Amino acid sequence: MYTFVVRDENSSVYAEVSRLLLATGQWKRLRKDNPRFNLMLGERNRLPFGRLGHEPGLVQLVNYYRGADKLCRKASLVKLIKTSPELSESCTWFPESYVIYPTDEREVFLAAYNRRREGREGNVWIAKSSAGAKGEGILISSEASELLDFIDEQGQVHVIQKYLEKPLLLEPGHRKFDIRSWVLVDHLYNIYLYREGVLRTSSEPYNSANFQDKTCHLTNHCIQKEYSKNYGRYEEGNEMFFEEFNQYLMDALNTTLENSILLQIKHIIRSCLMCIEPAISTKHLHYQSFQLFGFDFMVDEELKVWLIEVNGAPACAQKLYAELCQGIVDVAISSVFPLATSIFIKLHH
Amino acid sequence: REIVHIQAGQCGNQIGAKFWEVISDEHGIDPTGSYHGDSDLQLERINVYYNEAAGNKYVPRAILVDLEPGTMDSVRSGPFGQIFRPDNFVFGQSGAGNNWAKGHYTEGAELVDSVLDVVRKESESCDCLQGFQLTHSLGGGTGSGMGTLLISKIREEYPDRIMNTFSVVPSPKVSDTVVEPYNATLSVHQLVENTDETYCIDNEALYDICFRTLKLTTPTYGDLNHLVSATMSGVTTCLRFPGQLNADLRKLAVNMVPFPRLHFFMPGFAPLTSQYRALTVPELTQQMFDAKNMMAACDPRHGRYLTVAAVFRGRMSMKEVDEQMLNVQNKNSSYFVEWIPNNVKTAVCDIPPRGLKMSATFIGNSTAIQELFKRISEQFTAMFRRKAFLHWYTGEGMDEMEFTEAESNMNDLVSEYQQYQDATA
Amino acid sequence: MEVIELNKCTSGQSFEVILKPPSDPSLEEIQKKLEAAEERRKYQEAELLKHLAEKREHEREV
Amino acid sequence: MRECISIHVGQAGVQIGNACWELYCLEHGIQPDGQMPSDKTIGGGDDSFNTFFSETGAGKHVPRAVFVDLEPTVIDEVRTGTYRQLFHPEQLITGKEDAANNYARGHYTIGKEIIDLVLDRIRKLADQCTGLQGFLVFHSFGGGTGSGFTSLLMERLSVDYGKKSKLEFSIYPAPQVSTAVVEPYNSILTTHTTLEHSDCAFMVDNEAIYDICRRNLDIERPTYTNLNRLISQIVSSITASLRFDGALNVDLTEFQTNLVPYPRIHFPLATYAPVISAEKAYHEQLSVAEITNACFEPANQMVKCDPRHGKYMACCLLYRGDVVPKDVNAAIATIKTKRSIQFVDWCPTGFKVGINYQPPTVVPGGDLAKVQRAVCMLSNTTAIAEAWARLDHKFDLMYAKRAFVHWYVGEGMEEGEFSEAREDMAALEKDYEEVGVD
Ligand SMILES: Nc1nc2c(ncn2[C@@H]2O[C@H](COP(=O)(O)OP(=O)(O)OP(=O)(O)O)[C@@H](O)[C@H]2O)c(=O)[nH]1
Ligand SMILES: Nc1ncnc2c1ncn2[C@@H]1O[C@H](COP(=O)(O)OP(=O)(O)CP(=O)(O)O)[C@@H](O)[C@H]1O
Ligand SMILES: COc1cccc(-c2cc(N3CCc4cc(OC)c(OC)cc4C3)nc(N)n2)c1
Ligand SMILES: Nc1nc2c(ncn2[C@@H]2O[C@H](COP(=O)(O)OP(=O)(O)O)[C@@H](O)[C@H]2O)c(=O)[nH]1
Ligand SMILES: [Ca+2]
Ligand SMILES: [Ca+2]
Ligand SMILES: [Ca+2]
Ligand SMILES: [Ca+2]
Ligand SMILES: [Mg+2]
Ligand SMILES: [Mg+2]
Ligand SMILES: [Mg+2]
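Chains as they are written, first to last, in the deposited numbering: chain F, 1 to 102, 125 to 362, 372 to 380; chain B, 2 to 275, 280 to 358, 367 to 438; chain E, 6 to 28, 44 to 82; chain A, 1 to 438.
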């Protein structure tokens, strides 16, 4: 029977996967450093890809795609989109973003801000960086000087991205949101979209004139639960699931989630992952790879979808751990190591 | 690269005689020393254990030692008795009375010089001496006491040559006398320092195998020796036949012994015989890793493997042995140390033994071998705390403080085996 | 994709295609160490034969 | 003309040398008795093949080679084999007992006893050279002779032939075909002491050759004979520029100039295609673009690793057979638009290409099929460092417990050399990290 190893202790998702593989009766867990394994639930940093696929007579699988960081680091993602002919600077679903080191794009960022300033176009901007987690490291302003000054104050890379001033606002609440989608890519590079997403909801009413407040413009669950008094006023945990959001769109705007938003989502997922397919694919490699991705989108008031970031080590929604984690084993693991309807939308390419 | 064989004492000379019977058959040499074989592959590496002599005869490079003529008189009259060089019988008259001190310090000391004289002559006619192998028991007096004495004298004259032994370990279930744990403990201290490889053949295991698995309600020493000679044929098979891989005693020791003192191996054999059904590779592999096929009464699941070597003989689906070897490891991957990578090696010799189409020999350096020494240490202390039977030894000049030292070193040996059973990466 | 320095003969050809331009020990010192390991080898051997010599004393002491 | 002397050390080196020289003779139309009907310069000449073969008045063509093993059974097969007549006795040097996979035994204990004789016999061939270029040393990382004595030989060759280039063909250890667990120790030890003395080393992982043989030749359990005849093809393609008329890689110095910008990082990755079975009676011959594309499939590399996640410092395309420059450029243009090929910023993004019109030669009754065209790509990519990491990790696991170390100390070594060599590999691994990441 098959063997596997855990090398990430702080992993919510794969904690259940190792839990559920053990209960199968055909899987055996080993120490964090026994190479005689079939599957590696590897670590988020410096995973030793070079030491995989060199154990005789052992098919070796790993839950991460070497090189997928180029899509999951904010600075690299920008350069991937802007320098990839498959995506190009003419990208309709990515906000005009620039990579700013405190190679560099400082002038060219000011270049459009000036043209925009003279044109009375709401030149409101946001700066971000992958290092600052837990809602720390985030600045929004209307003129570069105040933003670029924050970038130089720190010592790591930062990207300046056009803050979207006209988000789709839910009612009752007149409040903001983002959408999280989970996508599984298996060893064959089939793209599987989990049929269940979630809206991370803002519990405070949107305010365009006032970004002084540090909770009316960000909604990563953690921020709302620690810096907002209305965590849960409308729905359990600032998390609205698709059934409800679909019904809301039908009633309020006479459309469906599938038509108005989810088509654009499926297109962006395919576009992003197929752009990098030749650089990370492991089809003829001595080891195979799969990986779970968490795409974060947002919707504007014209029902256009925008990709904001891609997270390569994502947590799941509490209710959906069981179903999702069972889906990985079915498609990602058992597909390689067979045993004695579906929850995924196969994004065909 | 020639090997010099030595057999000392009753046990040593009798398992030795069967060893020469077996390999002599495998190579096609009759009791008179004449080759009558079908393949030239039998002869390519025949020099390894035989000299070529006047009249196109092959003579075993063997030396026969005992302090009493009884067992050696039998050998000369046995099946292959006339194969050995008559000049290589060096036997005393008095005996050792199952007394380690008599073989090591008094009676043996008198005869030892005569033994090394024969060693030198065998060594002087060797193109490139590779090392020595000794067959002997650790419970008697000649094989145990004199055998470890000879080992000490050989290392003095050939300090850069490999010294290996097939040592039969005593057990109350197949016991000749009660002072057997005393002689064993004293011998082991010598083997820990002056041998490179010791194959621990435990008579308890040979009995259980003969009685429990082979369904022999009353085994004889002949029944146990059939298994011991079968193992020795299997351990030496790669050296005795033109085998794809290049097997050398020092190259083998380097790959099997990660620490100088932990050089005590568990032999194994499969199938266990005393039938015609072709045994399949699935069956050969799972047997050799079973406790029931081990020649040392130790549970491999109560320890860990430092190194392992499984040796397969015959024409067989070699792709299948690989598939299965890699299968049996996955089933027992917890019982292989993680800090010696790729510590399970496999060799195949196309020529099977006599009467079997496929066989397999197992050589393992497992930390569970301590269970044997712990068993011997208990029997030793049970008597030593009351100093029982010591007068047999103090009467030959020994001091009880040599006993205390030996006891301590073997409990040290156990402690060292425990160190690496718990070590991790 | 420029092709340059194309040489050719009856046996074959060779050339270069560019797509994007750029953006002491001595003998004595050895001999000593082989000897330094040799002398270390002898010391281990002497220490062995001394340990054995000590055990020859004890043998005939008994 | 400028001569090259091949030195084959240990079992692996010797047996691979047998494969290469067998192949060389067939490629040059030399018979096993050393006669060459096509050579009209009797008793001499400065032709291109003379870089590897000398000529006698009797018309025999003799490899400029030395074989050396610390035990004779392997070289004995040379002295009695098909090409026994090719070599004369003093070219073949043998000891009596081997190094038992012990680097220390090969370098120190036994090395000291035989080094002088070997050098003397090498000097006897250098004296027959008008303009010796350097040495090609074939050996294994794992064996005691191949690792320990080779390093000793390399050290003294740098002293006695100071300004002459030295190239290595090194067999990287693989569990599938090895019977030794200490090979990681010998690999790190020999690399450390040989690194400063080698100008260019072509490393071949036996794991790569093993899978290539069973995947592409459907051989269920390859032998050393299977592996060596495949390796010889690659070795031949690499050395063909020295033996045939040409413009690219005609001096050993050019290998260093074309493939090695930094001295320490001198391990080019070889990739070879097409490998085709002789059992497939009729095969769809592969185009120039298909075999050139195949040069970027890790399954065809001599060392399993992912160049996509490293950076290139140089690249040479060595075609043999019916190839013309136009078809090469077509493939390269297509390939660059479909593959992840990033060069370091301080080097040009270009390929140095060479073509010999003679198609690859296969030994009669071999496992390989004759093909219309083949290519061997030589790439200096940082991704090859993966092989060092693998090895460094195995070294670390055993050394933390000092497993097997007593076998080396007993032969005269100090534990310091273990950590001293391992520290050198640490720098080397970090040197590769500097050049190719971020
Ligand atoms: N490709 C290939 N590798 C070989 C061959 N023979 C040995 N090797 C490699 O070398 C290792 C065994 O050591 P050898 O090279 O045979 O021995 P050595 O280098 O002469 O050193 P000693 O045997 O100790 O004298 C194996 O693990 C292989 O990796 C061969 O014929 N072909
Ligand atoms: N272009 C844009 N327009 C509007 N809002 C934006 C935006 N870019 C970022 N945001 C805000 O920032 C938040 C997401 O930040 P981001 O996802 O980059 O931080 P993060 O990656 O550290 C949290 P996680 O790791 O859980 O994804 C959202 O709540 C969103 O409101
Ligand atoms: C008592 O004196 C002797 C005499 C003859 C042999 C031995 C012996 C055998 C042995 N066997 C058998 C063959 C073999 C071959 C291998 O590869 C080529 C291998 O892997 C390196 C392991 C084995 C396992 N192992 C050790 N240590 N000694 C001892
Ligand atoms: N396997 C086997 N073991 C034996 C044989 N004879 C004796 N022994 C073992 O050796 C012990 C007796 O020692 P003995 O052979 O008399 O030693 P000796 O005095 O040197 O010949 C017993 O405990 C047995 O375990 C034999 O024929 N076969
Ligand atoms: Ca007397
Ligand atoms: Ca004398
Ligand atoms: Ca000529
Ligand atoms: Ca130099
Ligand atoms: Mg993030
Ligand atoms: Mg008796
Ligand atoms: Mg050898």
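Note that the Cβ used here is the ideal one computed from N, Cα and C, for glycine as well.
Tell me whether the beta-carbon of residue i lies closer than 8 angstroms to the beta-carbon of residue j.
| i | j | result |
| --- | --- | --- |
| A:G144 | A:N102 | yes |
| B:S145 | B:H137 | yes |
| A:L92 | A:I115 | no |
| B:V119 | B:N89 | yes |
| B:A231 | B:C239 | no |
| B:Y36 | B:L44 | yes |
| F:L186 | F:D322 | yes |
| A:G34 | A:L86 | yes |
| B:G269 | B:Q434 | no |
| B:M164 | B:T186 | no |
| B:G141 | B:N204 | no |
| A:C305 | A:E386 | yes |
Helix, strand or coil for residue i? Go by DSSP, reduced to three states.
| i | result |
| --- | --- |
| A:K40 | coil |
| E:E7 | strand |
| A:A278 | coil |
| F:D33 | coil |
| F:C297 | helix |
| F:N232 | coil |
| F:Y249 | helix |
| F:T277 | coil |
| A:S6 | strand |
| A:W21 | helix |
| A:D205 | strand |
| A:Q15 | helix |
| F:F263 | strand |
| F:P85 | coil |
In this structure, what does DSSP give as the bridge partners for residue i?
| i | result |
| --- | --- |
| F:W204 | F:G316 |
| B:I7 | B:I64 and B:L135 |
| F:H180 | F:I100 |
| A:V137 | A:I7 and A:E168 |
| F:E331 | F:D318 |
| B:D203 | B:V170 |
| B:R318 | B:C354 and B:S372 |
| A:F53 | A:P63 |
| A:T179 | DSSP lists no partner for A:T179. |
*What residues in the segment 175-194 of chain A have a beta carbon less than 8 angstroms from any beta carbon of chain F?*
Taken in chain order, the members of the segment 175-194 of chain A whose beta-carbon sits within less than 8 angstroms of a beta-carbon on chain F are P175 and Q176.
*Would you list, in chain order, the members of the segment 56-72 of chain F that have their beta-carbon closer than 8 angstroms to a beta-carbon of chain B?*
Residues of the segment 56-72 of chain F with a C-beta less than 8 angstroms from any C-beta of chain B: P56, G57 and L58, listed in chain order.
*Can you pull every residue whose C-beta falls closer than 5 angstroms to some heavy atom of ligand 7, listed in chain order?*
Listed along the chain, these residues meet the criterion: A:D39, A:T41, A:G45 and A:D47.
*asked:* Using a Cβ-Cβ cutoff of 7 angstroms, what residues of the segment 52-63 of chain E are near chain A? List them in chain order.
replied: Taking 7 angstroms as the cut-off between beta carbons, the residues of the segment 52-63 of chain E near chain A are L54, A57, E58, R60 and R61, in sequence order.
*When Cβ atoms are compared, which residues of the segment 307-339 of chain B fall closer than 9 angstroms to chain F?*
Result list: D327, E328, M330, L331, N332, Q334, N335, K336, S338 and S339.
_Closer than 5 angstroms to ligand 11: residues, by C-beta to nearest heavy atom, in chain order_ = Answer in sequence order: A:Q11 and A:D98.
*Just the residues with CB closer than 7 angstroms to a heavy atom of ligand 10, in chain order, which are they?*
After applying the 7 angstroms Cβ criterion, the set is B:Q11, B:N99, B:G141 and B:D177.
*Which residues are close to ligand 8, meaning CB closer than 6 angstroms to any heavy atom, in chain order?*
Counting every residue whose Cβ lies closer than 6 angstroms to a heavy atom of ligand 8, we get A:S158 and A:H197.
*Within 7 angstroms of chain E by C-beta, residues of the segment 12-27 of chain B in sequence order*: Cβ contacts with chain E: none found.
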